[PDB]
Amino acid sequence: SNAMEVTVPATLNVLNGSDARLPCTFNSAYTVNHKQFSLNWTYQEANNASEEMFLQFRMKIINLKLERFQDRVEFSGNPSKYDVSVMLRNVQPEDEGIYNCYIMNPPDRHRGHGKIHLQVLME
């Protein structure tokens, strides 16, 4: 094909105080090689705000411990089965925003992008 298919919910609605799993799966002809696979997760308050990386895969999962998320971010995927989902525990109203997943799976030439708008409902 001409692109890496990435499957995410365009809008994700979560009750304040609950856990938010951000689902992100992708398609590729090639087995994921942990020594070359790349994964980037970023947050932005809005489309015109800067992206803040909070998780990366380089050889292993790297949790950047972004301050706005405390220690509530967990990797919730499995690259060997094409799942790069993240978990956000105990969501607060400030977690509302745009979450981007960027994927590269060498030697696959196409790179992937998923974009989720997380909205926090009143509890």
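- This entry, as listed in the PDB, derives from X-ray crystallography and reports a resolution of 1.850 Å.

### Observations concerning the sheet that holds strand β3 (residues 20-22)
In a beta sheet, neighbouring strands pair by backbone hydrogen bonds and run either parallel or antiparallel.
Here is step 1: Pairing in this open sheet of 3 strands is antiparallel, and the strands run β3-β9-β8 from one edge to the other. A single partner strand is all that each edge strand has here, and the edge strands are β3 and β8 (73-75). Recorded for the sheet is a direction-independent mean angle of 20 degrees between the axes of neighbouring strands.
Here is step 2: Where β3 lies against strand β9 (residues 86-88), 3 bridges are found, and the strand directions are antiparallel. Residue pairing for β9: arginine 21 is matched across the bridge by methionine 87.

### Focus on the environment of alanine 10
Here is step 1: Looking at the element boundaries, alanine 10 is found in the loop between β1 (6-7) and β2 (11-15).
Here is step 2: If sequence neighbours within four positions are ignored, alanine 10 has contacts with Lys115, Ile116 and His117.

### Observations regarding the pairing of β2
Here is step 1: The alternating pattern of β2 places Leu12 and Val14 on a buried face and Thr11, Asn13 and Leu15 on a face that is not buried.
Here is step 2: Pairing of β2 with strand β11 (residues 112-121) involves 5 bridges; the strand directions are parallel. Note that in β11 the partner of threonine 11 across the bridge is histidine 117.

### Things to note about the packing of aromatic side chains
Two aromatic rings, taken as a pair, are described by how far apart their centres are and by the angle between their planes.
Here is step 1: Under the criterion given, the structure shown has 9 aromatic pairs.
Here is step 2: Each ring, one from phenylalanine 26 and one from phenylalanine 37, has its centre 5.9 Å from the other, and the planes form 20 degrees; the classification is stacked. Of the two residues, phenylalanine 26 is situated in strand β4 (residues 25-26) and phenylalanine 37 in the loop between β4 and β5 (38-44); the sequence distance between them amounts to 11 residues. Both residues of the pair, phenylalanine 26 and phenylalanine 37, count as buried.

### What to know about the nonpolar core
Here is step 1: Among the nonpolar cores identified, the biggest contains 28 residues, and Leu39, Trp41, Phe54, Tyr99 and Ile103 are the most heavily contacted of them.
Here is step 2: Those residues in contact with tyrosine 99 that lie beyond four places of it in its chain are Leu22, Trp41, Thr42, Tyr43, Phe54, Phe69, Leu88, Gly114, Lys115, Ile116 and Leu118.

### Side note on the side chain of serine 85
Here is step 1: Within the secondary structure, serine 85 is located in the loop between β8 and β9.
Here is step 2: Among the residues examined, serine 85 registers a relative accessible area of 0% and is labelled buried.
Here is step 3: In this structure the side chain of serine 85 is engaged in a polar contact, spanning 3.3 Å, whose partner is the side chain of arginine 21.

Rules used in this analysis
- Residues numbered from 1 in each chain as written, not as in the entry; some residues may be left out.
- Heavy atoms only, no water.
- Residues with missing side-chain atoms left out of burial classes, pairs and counts.
- Pairing = 2+ DSSP bridges.
- Helix = DSSP H or I, 4+ residues; strand = E, 2+ residues; numbered from the N terminus.
- Axes fitted to C-alpha atoms, helices over the stretch in contact; angles between N-to-C directions.
- Contact = heavy atoms within 4.5 Å.
- Buried < 20%, exposed > 50% of the residue type's maximum accessible area, 1.4 Å probe, protein only.
- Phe/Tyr/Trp six-rings, centres within 6.5 Å; stacked < 30°, edge-to-face > 60°.
- Core = buried A, V, L, I, M, F, W, Y, C linked by side-chain atoms within 4.5 Å.
- Polar contact = N/O pair within 3.5 Å; in protein donor to acceptor, adjacent residues only side chain to side chain.

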